[PDB]
>>> print(open('structure_0.txt').read())   # compact mmCIF, C-alpha atoms (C1' of nucleotides)
# COMPACT_ATOMS: atom_id res chain seq x y z
CA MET O 1 47.36 22.02 58.83
CA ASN O 2 46.73 24.96 61.23
CA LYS O 3 44.56 25.34 64.34
CA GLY O 4 41.58 26.46 62.25
CA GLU O 5 41.83 23.57 59.77
CA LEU O 6 42.15 21.14 62.66
CA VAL O 7 39.05 22.68 64.29
CA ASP O 8 37.19 22.18 60.98
CA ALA O 9 38.18 18.49 60.71
CA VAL O 10 37.29 17.91 64.36
CA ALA O 11 33.83 19.50 64.36
CA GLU O 12 33.11 16.83 61.76
CA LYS O 13 34.43 13.65 63.43
CA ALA O 14 32.79 14.34 66.81
CA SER O 15 30.04 16.62 65.47
CA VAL O 16 30.01 20.09 67.08
CA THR O 17 30.56 23.74 65.98
CA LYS O 18 33.67 25.56 64.72
CA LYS O 19 33.30 28.09 67.58
CA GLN O 20 32.66 25.07 69.87
CA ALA O 21 35.42 22.73 68.76
CA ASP O 22 37.77 25.69 68.76
CA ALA O 23 36.82 26.62 72.32
CA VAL O 24 37.39 23.01 73.42
CA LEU O 25 40.70 22.34 71.64
CA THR O 26 41.99 25.62 73.16
CA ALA O 27 40.90 24.67 76.67
CA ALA O 28 43.01 21.52 76.22
CA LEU O 29 46.05 23.31 74.74
CA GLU O 30 46.14 25.91 77.52
CA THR O 31 45.59 23.19 80.16
CA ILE O 32 48.42 21.10 78.70
CA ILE O 33 50.81 24.10 78.91
CA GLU O 34 49.67 24.97 82.47
CA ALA O 35 50.16 21.40 83.72
CA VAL O 36 53.62 21.01 82.16
CA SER O 37 54.75 24.41 83.50
CA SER O 38 53.41 23.55 86.93
CA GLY O 39 55.65 20.47 86.92
CA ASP O 40 53.06 17.92 85.80
CA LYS O 41 53.42 15.25 83.14
CA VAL O 42 50.51 15.37 80.67
CA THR O 43 49.78 11.82 79.48
CA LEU O 44 47.64 10.98 76.48
CA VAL O 45 47.65 7.24 75.85
CA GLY O 46 48.59 6.37 72.28
CA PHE O 47 49.32 9.93 71.19
CA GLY O 48 52.15 10.68 73.64
CA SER O 49 53.16 12.60 76.77
CA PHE O 50 54.31 16.14 77.57
CA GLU O 51 56.71 17.05 80.38
CA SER O 52 59.01 19.77 81.47
CA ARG O 53 62.67 18.74 81.53
CA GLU O 54 65.56 20.22 83.48
CA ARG O 55 68.57 21.43 81.55
CA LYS O 56 71.97 21.90 83.21
CA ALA O 57 74.23 24.90 82.57
CA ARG O 58 76.49 24.12 79.61
CA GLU O 59 79.41 25.81 77.98
CA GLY O 60 78.84 27.47 74.61
CA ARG O 61 80.75 29.89 72.40
CA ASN O 62 80.16 33.40 71.07
CA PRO O 63 80.24 33.09 67.26
CA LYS O 64 81.19 36.79 67.12
CA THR O 65 83.86 37.19 69.76
CA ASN O 66 84.81 33.48 69.74
CA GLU O 67 84.95 33.55 73.57
CA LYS O 68 83.81 30.62 75.67
CA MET O 69 80.64 31.36 77.66
CA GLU O 70 78.13 29.59 79.96
CA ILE O 71 74.58 28.82 78.89
CA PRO O 72 72.65 28.96 82.18
CA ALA O 73 70.52 26.05 83.35
CA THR O 74 66.90 26.05 82.21
CA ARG O 75 63.67 24.05 81.89
CA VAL O 76 62.21 22.97 78.58
CA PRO O 77 58.84 21.55 77.54
CA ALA O 78 59.34 18.04 76.09
CA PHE O 79 57.14 15.64 74.08
CA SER O 80 57.38 11.82 73.79
CA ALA O 81 55.30 10.27 71.02
CA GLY O 82 53.12 7.33 72.12
CA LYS O 83 53.14 3.98 70.29
CA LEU O 84 50.13 4.54 67.98
CA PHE O 85 51.59 7.87 66.85
CA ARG O 86 55.05 6.37 66.09
CA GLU O 87 53.52 3.48 64.18
CA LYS O 88 51.37 5.67 61.94
CA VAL O 89 54.41 7.76 61.08
CA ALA O 90 56.45 4.60 60.47
CA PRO O 91 54.28 1.51 59.90
CA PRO O 92 56.13 -1.58 61.21
CA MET Q 1 47.47 14.29 84.17
CA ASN Q 2 45.80 11.82 81.77
CA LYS Q 3 43.37 12.10 78.84
CA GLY Q 4 40.44 11.55 81.20
CA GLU Q 5 41.70 14.13 83.71
CA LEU Q 6 42.36 16.48 80.81
CA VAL Q 7 38.85 15.67 79.56
CA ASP Q 8 37.31 16.49 82.98
CA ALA Q 9 39.24 19.78 83.18
CA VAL Q 10 38.48 20.67 79.55
CA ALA Q 11 34.72 20.03 79.76
CA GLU Q 12 34.53 22.82 82.34
CA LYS Q 13 36.72 25.59 80.83
CA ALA Q 14 34.96 25.69 77.41
CA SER Q 15 31.54 24.55 78.73
CA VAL Q 16 30.73 21.04 77.32
CA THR Q 17 30.05 17.42 78.45
CA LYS Q 18 32.59 14.75 79.47
CA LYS Q 19 31.43 12.37 76.69
CA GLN Q 20 31.45 15.43 74.38
CA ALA Q 21 34.83 17.02 75.20
CA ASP Q 22 36.46 13.58 75.06
CA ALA Q 23 35.09 12.86 71.58
CA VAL Q 24 36.39 16.30 70.51
CA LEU Q 25 39.85 15.97 72.05
CA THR Q 26 40.02 12.49 70.48
CA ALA Q 27 39.09 13.80 67.01
CA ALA Q 28 41.91 16.34 67.25
CA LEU Q 29 44.50 13.77 68.39
CA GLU Q 30 43.67 11.32 65.58
CA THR Q 31 43.72 14.12 63.03
CA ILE Q 32 47.08 15.45 64.25
CA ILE Q 33 48.54 11.96 63.94
CA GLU Q 34 46.92 11.39 60.54
CA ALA Q 35 48.14 14.70 59.22
CA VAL Q 36 51.73 14.32 60.47
CA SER Q 37 51.85 10.80 58.99
CA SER Q 38 50.77 11.88 55.49
CA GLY Q 39 53.58 14.43 55.67
CA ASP Q 40 51.40 17.34 56.84
CA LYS Q 41 52.99 19.66 59.42
CA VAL Q 42 50.45 20.57 62.14
CA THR Q 43 51.02 24.10 63.43
CA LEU Q 44 48.86 25.21 66.35
CA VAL Q 45 49.05 28.92 67.22
CA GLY Q 46 50.22 29.58 70.76
CA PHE Q 47 51.29 25.99 71.45
CA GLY Q 48 53.64 24.46 68.91
CA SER Q 49 53.97 22.32 65.88
CA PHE Q 50 54.03 18.63 65.03
CA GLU Q 51 55.88 17.13 62.06
CA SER Q 52 57.40 13.90 60.83
CA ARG Q 53 61.21 13.71 60.63
CA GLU Q 54 63.61 11.48 58.64
CA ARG Q 55 66.15 9.41 60.55
CA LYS Q 56 69.02 7.74 58.75
CA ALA Q 57 70.07 4.18 59.54
CA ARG Q 58 72.44 3.99 62.51
CA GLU Q 59 74.59 1.68 64.60
CA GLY Q 60 73.23 -0.27 67.52
CA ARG Q 61 74.15 -3.40 69.40
CA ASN Q 62 72.05 -6.45 70.28
CA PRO Q 63 72.02 -6.59 74.08
CA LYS Q 64 71.27 -10.33 73.80
CA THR Q 65 73.91 -11.49 71.31
CA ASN Q 66 76.11 -8.39 71.84
CA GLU Q 67 76.37 -8.29 68.06
CA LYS Q 68 76.72 -4.95 66.36
CA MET Q 69 73.64 -4.31 64.23
CA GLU Q 70 72.09 -1.61 61.95
CA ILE Q 71 68.97 0.17 63.08
CA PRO Q 72 67.06 0.88 59.83
CA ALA Q 73 66.21 4.34 58.55
CA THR Q 74 62.82 5.55 59.76
CA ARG Q 75 60.56 8.53 60.30
CA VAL Q 76 59.61 9.82 63.75
CA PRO Q 77 56.99 12.33 65.03
CA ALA Q 78 58.56 15.59 66.33
CA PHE Q 79 57.13 18.38 68.43
CA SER Q 80 58.33 21.91 68.38
CA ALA Q 81 56.95 23.92 71.35
CA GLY Q 82 56.24 27.57 70.49
CA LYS Q 83 57.52 30.71 72.30
CA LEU Q 84 54.51 30.94 74.62
CA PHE Q 85 54.93 27.36 75.83
CA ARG Q 86 58.70 27.76 76.36
CA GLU Q 87 58.28 31.07 78.23
CA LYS Q 88 55.66 29.62 80.56
CA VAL Q 89 57.91 26.61 81.29
CA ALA Q 90 60.91 28.91 81.70
CA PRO Q 91 59.97 32.58 82.35
CA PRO Q 92 62.44 34.76 80.31
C1' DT K 1 62.97 33.07 58.84
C1' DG K 2 67.48 30.55 57.98
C1' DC K 3 72.04 29.81 59.07
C1' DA K 4 76.61 30.15 60.96
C1' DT K 5 81.70 28.65 65.61
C1' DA K 6 83.30 24.65 68.41
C1' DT K 7 88.66 19.29 66.16
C1' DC K 8 81.52 22.20 71.07
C1' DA K 9 78.52 20.10 74.94
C1' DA K 10 74.60 18.53 77.58
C1' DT K 11 71.04 15.79 75.66
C1' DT K 12 67.71 11.78 73.41
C1' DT K 13 67.00 7.39 71.41
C1' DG K 14 67.39 2.76 69.86
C1' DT K 15 69.21 -1.90 69.81
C1' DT K 16 66.19 -7.77 72.66
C1' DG K 17 63.18 -9.75 75.21
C1' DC K 18 60.90 -10.67 79.06
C1' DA K 19 58.36 -9.03 83.54
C1' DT R 1 56.90 1.56 82.09
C1' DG R 2 61.48 -0.94 83.62
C1' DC R 3 66.08 -3.45 83.05
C1' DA R 4 70.40 -4.32 80.87
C1' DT R 5 75.13 -3.54 76.11
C1' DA R 6 78.27 -0.24 73.84
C1' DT R 7 85.24 1.70 76.89
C1' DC R 8 77.91 2.97 71.50
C1' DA R 9 76.51 6.62 67.68
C1' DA R 10 73.16 9.18 65.51
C1' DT R 11 70.00 13.31 67.49
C1' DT R 12 68.75 17.86 69.28
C1' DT R 13 69.44 22.78 70.80
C1' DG R 14 72.03 26.74 71.87
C1' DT R 15 75.62 30.19 72.16
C1' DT R 16 75.04 36.17 69.01
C1' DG R 17 73.57 38.42 65.27
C1' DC R 18 73.37 39.14 59.88
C1' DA R 19 70.64 38.68 55.62
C1' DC R 20 75.21 34.00 53.82
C1' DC R 21 75.46 29.25 54.85
>>> encode(input="structure_0.txt", output="structure tokens")
Amino acid sequence: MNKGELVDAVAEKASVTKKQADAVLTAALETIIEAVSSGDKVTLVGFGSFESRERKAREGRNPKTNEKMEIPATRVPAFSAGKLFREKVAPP
Amino acid sequence: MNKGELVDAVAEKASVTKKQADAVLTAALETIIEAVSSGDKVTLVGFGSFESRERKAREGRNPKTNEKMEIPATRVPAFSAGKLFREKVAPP
DNA sequence: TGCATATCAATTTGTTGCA
DNA sequence: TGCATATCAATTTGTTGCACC
């Protein structure tokens, strides 16, 4: 399933337009990204949360030259699936 | 941020109602979960993808009885943030 | 796209049960 | 959500760069 297909399915459950539902899902996706980047945790009860996570510098290795090197510290977006989501993927 | 706060923020950006936007956002979240469960990979352009992943059985330990135990094989929801999301979180 | 080094290396998650 | 076990043990991603695996 892609964005479009999702938009289609959604328009139906809530009852709006393709243009509409698209506009709204987008608003949410861009807002999620913004919040996480700006250091906020996005929480969505049952579905899961999004957060940015710090990553320390770590040593890696050049597969070409075989030299040791340092992978600099970074920040990554992270997701944690909420309970309802986990339990639909793996029914207890 | 929470669903509600996301709802409030979303209603504005795309131009809808709070009861409306919510119902929409909800639709999408249920559908994502439903899709991922049935083995459907959800790929949203300019955000990331959701999929279900196999996990083999693995070793654990009962913190009560301190007995070694086997955690059964399962499936878990996984999120794969796209390039845009990653670059916003961590400018290149 | 996928896949590859390193006898990697920093990281995530789960295990019970109750608060 | 948290705590509290293992001198845990699977998991993930990335290092640079080809067209394999």
>>> interface_residues(input="structure_0.txt", of="chain K", to="chain Q", cutoff="8 Å", atoms="all atoms listed in the file", output="mmCIF file with C-alpha atoms (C1' of nucleotides), keeping the file's coordinate frame")
data_model
loop_
_atom_site.group_PDB
_atom_site.id
_atom_site.type_symbol
_atom_site.label_atom_id
_atom_site.label_comp_id
_atom_site.auth_asym_id
_atom_site.auth_seq_id
_atom_site.Cartn_x
_atom_site.Cartn_y
_atom_site.Cartn_z
ATOM 1 C "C1'" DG K 14 67.390 2.760 69.860
ATOM 2 C "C1'" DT K 15 69.210 -1.900 69.810
ATOM 3 C "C1'" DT K 16 66.190 -7.770 72.660
#
>>> atom_distance(input="structure_0.txt", atom1="CA of residue 19 (chain O)", atom2="CA of residue 33 (chain O)")
21.2 Å
>>> interface_residues(input="structure_0.txt", of="chain R", to="chain Q", cutoff="9 Å", atoms="only C-alpha atoms (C1' of nucleotides)", output="PyMOL selection string")
chain R and resi 4-6+8-11
>>> closest_residue(input="structure_0.txt", among="Q:84, Q:7, Q:78, Q:42", to="chain O", atoms="all atoms listed in the file")
Q:42
>>> residues_around(input="structure_0.txt", residues="residue 12 (chain R)", least_positions_apart="5", cutoff="12 Å", atoms="all atoms listed in the file", output="JSON, numbers by chain")
{"O": [78], "Q": [78, 79, 80], "K": [9, 10, 11, 12, 13]}
>>> write_last_selection(input="structure_0.txt", atoms="C-alpha atoms (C1' of nucleotides)", output="PDB file, keeping the file's coordinate frame")
ATOM      1  CA  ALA O  78      59.340  18.040  76.090  1.00  0.00           C
TER       2      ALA O  78
ATOM      3  CA  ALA Q  78      58.560  15.590  66.330  1.00  0.00           C
ATOM      4  CA  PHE Q  79      57.130  18.380  68.430  1.00  0.00           C
ATOM      5  CA  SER Q  80      58.330  21.910  68.380  1.00  0.00           C
TER       6      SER Q  80
ATOM      7  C1'  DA K   9      78.520  20.100  74.940  1.00  0.00           C
ATOM      8  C1'  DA K  10      74.600  18.530  77.580  1.00  0.00           C
ATOM      9  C1'  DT K  11      71.040  15.790  75.660  1.00  0.00           C
ATOM     10  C1'  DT K  12      67.710  11.780  73.410  1.00  0.00           C
ATOM     11  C1'  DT K  13      67.000   7.390  71.410  1.00  0.00           C
TER      12       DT K  13
END
>>> residues_around(input="structure_0.txt", residues="residue 2 (chain Q)", least_positions_apart="6", cutoff="10 Å", atoms="all atoms listed in the file", output="ChimeraX atom specification")
/O:41-45,49 /Q:8
>>> atom_distance(input="structure_0.txt", atom1="CA of residue 37 (chain O)", atom2="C1' of residue 2 (chain K)")
29.2 Å
>>> interface_residues(input="structure_0.txt", of="chain O", to="chain Q", cutoff="6 Å", atoms="only C-alpha atoms", output="list in words")
residues 1, 2, 3, 10, 13, 14, 23, 24, 27, 28, 37, 42, 43, 44, 75, 85, 88, 89 and 90 of chain O
>>> atom_distance(input="structure_0.txt", atom1="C1' of residue 1 (chain K)", atom2="CA of residue 54 (chain Q)")
21.6 Å
>>> axis_aligned_box(input="structure_0.txt", around="region 9-14 of chain R", padding_each_side="5 Å", output="lines of an AutoDock Vina configuration file")
center_x = 72.6
center_y = 16.7
center_z = 68.7
size_x = 17.8
size_y = 30.1
size_z = 16.4
>>> closest_atom_pairs(input="structure_0.txt", of="chain R", to="region 3-6 of chain K", cutoff="12 Å", atoms="all atoms listed in the file", output="tab-separated table")
residue	atom	partner	partner_atom	distance
R:14	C1'	K:5	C1'	11.7
R:15	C1'	K:5	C1'	9.1
R:16	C1'	K:4	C1'	10.2
R:17	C1'	K:4	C1'	9.8
R:18	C1'	K:3	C1'	9.5
R:19	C1'	K:3	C1'	9.6
R:20	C1'	K:3	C1'	7.4
R:21	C1'	K:3	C1'	5.5
>>> decode(input="structure_0.txt", residues="chain K", atoms="N, CA, C and O atoms (P, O5', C5', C4', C3', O3' and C1' of nucleotides)", output="mmCIF file, in the first residue's frame")
data_model
loop_
_atom_site.group_PDB
_atom_site.id
_atom_site.type_symbol
_atom_site.label_atom_id
_atom_site.label_comp_id
_atom_site.auth_asym_id
_atom_site.auth_seq_id
_atom_site.Cartn_x
_atom_site.Cartn_y
_atom_site.Cartn_z
ATOM 1 O "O5'" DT K 1 16.400 0.521 -2.074
ATOM 2 C "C5'" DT K 1 16.285 0.652 -3.524
ATOM 3 C "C4'" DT K 1 16.374 -0.702 -4.240
ATOM 4 C "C3'" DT K 1 17.122 -1.770 -3.447
ATOM 5 O "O3'" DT K 1 16.211 -2.737 -2.893
ATOM 6 C "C1'" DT K 1 18.290 -1.366 -5.450
ATOM 7 P P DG K 2 16.674 -3.348 -1.478
ATOM 8 O "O5'" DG K 2 17.780 -4.455 -1.840
ATOM 9 C "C5'" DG K 2 17.536 -5.472 -2.817
ATOM 10 C "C4'" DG K 2 18.882 -6.098 -3.103
ATOM 11 C "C3'" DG K 2 19.512 -6.544 -1.800
ATOM 12 O "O3'" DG K 2 19.603 -7.967 -1.774
ATOM 13 C "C1'" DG K 2 21.040 -5.137 -3.081
ATOM 14 P P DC K 3 20.070 -8.707 -0.418
ATOM 15 O "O5'" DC K 3 21.659 -8.462 -0.353
ATOM 16 C "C5'" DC K 3 22.552 -9.214 -1.160
ATOM 17 C "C4'" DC K 3 23.944 -8.622 -1.073
ATOM 18 C "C3'" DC K 3 24.491 -8.530 0.334
ATOM 19 O "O3'" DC K 3 25.174 -9.721 0.637
ATOM 20 C "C1'" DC K 3 25.021 -6.584 -0.939
ATOM 21 P P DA K 4 25.665 -9.936 2.150
ATOM 22 O "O5'" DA K 4 27.149 -9.398 1.940
ATOM 23 C "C5'" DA K 4 28.075 -10.125 1.181
ATOM 24 C "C4'" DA K 4 29.264 -9.205 1.057
ATOM 25 C "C3'" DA K 4 29.852 -8.705 2.364
ATOM 26 O "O3'" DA K 4 30.705 -9.694 2.873
ATOM 27 C "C1'" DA K 4 29.632 -6.913 0.841
ATOM 28 P P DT K 5 31.193 -9.698 4.405
ATOM 29 O "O5'" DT K 5 32.275 -8.492 4.398
ATOM 30 C "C5'" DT K 5 33.434 -8.531 3.543
ATOM 31 C "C4'" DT K 5 34.651 -8.068 4.315
ATOM 32 C "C3'" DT K 5 34.688 -8.529 5.747
ATOM 33 O "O3'" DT K 5 36.063 -8.658 6.044
ATOM 34 C "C1'" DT K 5 34.602 -6.209 5.799
ATOM 35 P P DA K 6 36.535 -9.657 7.188
ATOM 36 O "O5'" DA K 6 36.554 -8.713 8.477
ATOM 37 C "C5'" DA K 6 37.554 -7.747 8.699
ATOM 38 C "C4'" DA K 6 37.204 -7.082 10.008
ATOM 39 C "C3'" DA K 6 36.967 -7.999 11.190
ATOM 40 O "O3'" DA K 6 37.566 -7.397 12.316
ATOM 41 C "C1'" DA K 6 35.043 -6.634 10.900
ATOM 42 P P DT K 7 38.946 -7.946 12.929
ATOM 43 O "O5'" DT K 7 38.302 -9.106 13.862
ATOM 44 C "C5'" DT K 7 38.446 -10.447 13.595
ATOM 45 C "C4'" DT K 7 37.144 -11.204 13.612
ATOM 46 C "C3'" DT K 7 36.189 -10.970 14.784
ATOM 47 O "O3'" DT K 7 34.826 -10.990 14.357
ATOM 48 C "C1'" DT K 7 37.056 -13.198 14.826
ATOM 49 P P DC K 8 33.689 -10.078 15.074
ATOM 50 O "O5'" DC K 8 34.325 -8.607 14.927
ATOM 51 C "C5'" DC K 8 34.096 -7.606 15.909
ATOM 52 C "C4'" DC K 8 34.558 -6.275 15.364
ATOM 53 C "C3'" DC K 8 34.058 -5.089 16.183
ATOM 54 O "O3'" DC K 8 35.027 -4.068 16.096
ATOM 55 C "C1'" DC K 8 33.099 -4.991 14.029
ATOM 56 P P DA K 9 35.373 -3.185 17.377
ATOM 57 O "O5'" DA K 9 34.043 -2.328 17.607
ATOM 58 C "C5'" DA K 9 33.852 -1.090 16.884
ATOM 59 C "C4'" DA K 9 32.490 -0.545 17.280
ATOM 60 C "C3'" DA K 9 32.100 -0.811 18.734
ATOM 61 O "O3'" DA K 9 31.339 0.299 19.182
ATOM 62 C "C1'" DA K 9 30.500 -1.746 17.356
ATOM 63 P P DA K 10 31.510 0.903 20.672
ATOM 64 O "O5'" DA K 10 30.156 1.737 20.889
ATOM 65 C "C5'" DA K 10 29.936 3.004 20.238
ATOM 66 C "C4'" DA K 10 28.519 2.939 19.730
ATOM 67 C "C3'" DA K 10 27.483 2.987 20.859
ATOM 68 O "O3'" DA K 10 26.589 4.100 20.648
ATOM 69 C "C1'" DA K 10 27.019 1.205 19.351
ATOM 70 P P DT K 11 25.302 4.298 21.593
ATOM 71 O "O5'" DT K 11 24.284 3.104 21.138
ATOM 72 C "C5'" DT K 11 23.610 3.272 19.900
ATOM 73 C "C4'" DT K 11 22.598 2.206 19.565
ATOM 74 C "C3'" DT K 11 21.485 1.987 20.589
ATOM 75 O "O3'" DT K 11 20.291 2.617 20.137
ATOM 76 C "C1'" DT K 11 22.307 -0.066 19.628
ATOM 77 P P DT K 12 19.015 2.731 21.113
ATOM 78 O "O5'" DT K 12 18.231 1.357 20.844
ATOM 79 C "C5'" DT K 12 17.662 1.053 19.582
ATOM 80 C "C4'" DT K 12 16.843 -0.234 19.619
ATOM 81 C "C3'" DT K 12 15.793 -0.371 20.718
ATOM 82 O "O3'" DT K 12 14.544 -0.677 20.085
ATOM 83 C "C1'" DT K 12 17.207 -2.290 20.737
ATOM 84 P P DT K 13 13.154 -0.608 20.897
ATOM 85 O "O5'" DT K 13 12.959 -2.133 21.351
ATOM 86 C "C5'" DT K 13 13.228 -3.223 20.428
ATOM 87 C "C4'" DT K 13 13.164 -4.537 21.185
ATOM 88 C "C3'" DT K 13 12.195 -4.575 22.360
ATOM 89 O "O3'" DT K 13 11.044 -5.314 21.937
ATOM 90 C "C1'" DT K 13 14.320 -5.625 22.833
ATOM 91 P P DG K 14 9.734 -5.391 22.885
ATOM 92 O "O5'" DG K 14 9.936 -6.787 23.681
ATOM 93 C "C5'" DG K 14 10.313 -7.975 22.996
ATOM 94 C "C4'" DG K 14 10.755 -9.008 24.011
ATOM 95 C "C3'" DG K 14 9.984 -9.038 25.320
ATOM 96 O "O3'" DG K 14 9.164 -10.188 25.364
ATOM 97 C "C1'" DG K 14 12.415 -9.190 25.597
ATOM 98 P P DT K 15 8.143 -10.362 26.601
ATOM 99 O "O5'" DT K 15 8.821 -11.348 27.656
ATOM 100 C "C5'" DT K 15 9.355 -12.618 27.284
ATOM 101 C "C4'" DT K 15 10.305 -13.014 28.404
ATOM 102 C "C3'" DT K 15 9.788 -12.734 29.806
ATOM 103 O "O3'" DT K 15 9.216 -13.935 30.310
ATOM 104 C "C1'" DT K 15 12.111 -12.220 29.564
ATOM 105 P P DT K 16 7.676 -13.957 30.781
ATOM 106 O "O5'" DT K 16 7.758 -13.521 32.316
ATOM 107 C "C5'" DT K 16 8.353 -14.363 33.286
ATOM 108 C "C4'" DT K 16 8.018 -13.837 34.675
ATOM 109 C "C3'" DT K 16 6.540 -13.573 34.936
ATOM 110 O "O3'" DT K 16 6.228 -14.015 36.239
ATOM 111 C "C1'" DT K 16 7.725 -11.534 35.221
ATOM 112 P P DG K 17 4.707 -14.351 36.596
ATOM 113 O "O5'" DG K 17 4.235 -13.084 37.428
ATOM 114 C "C5'" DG K 17 5.030 -12.669 38.523
ATOM 115 C "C4'" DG K 17 4.804 -11.199 38.811
ATOM 116 C "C3'" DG K 17 3.353 -10.727 38.653
ATOM 117 O "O3'" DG K 17 2.952 -10.083 39.845
ATOM 118 C "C1'" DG K 17 4.851 -9.235 37.664
ATOM 119 P P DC K 18 1.417 -9.924 40.256
ATOM 120 O "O5'" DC K 18 1.604 -9.268 41.707
ATOM 121 C "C5'" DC K 18 2.927 -8.820 42.096
ATOM 122 C "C4'" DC K 18 3.148 -7.333 41.834
ATOM 123 C "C3'" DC K 18 1.888 -6.482 41.898
ATOM 124 O "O3'" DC K 18 1.919 -5.795 43.158
ATOM 125 C "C1'" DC K 18 3.370 -5.745 40.203
ATOM 126 P P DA K 19 1.357 -4.303 43.365
ATOM 127 O "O5'" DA K 19 2.563 -3.461 42.707
ATOM 128 C "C5'" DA K 19 3.559 -2.793 43.506
ATOM 129 C "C4'" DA K 19 3.616 -1.310 43.125
ATOM 130 C "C3'" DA K 19 2.340 -0.517 43.377
ATOM 131 O "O3'" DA K 19 2.676 0.801 43.753
ATOM 132 C "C1'" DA K 19 2.850 -0.434 41.081
#
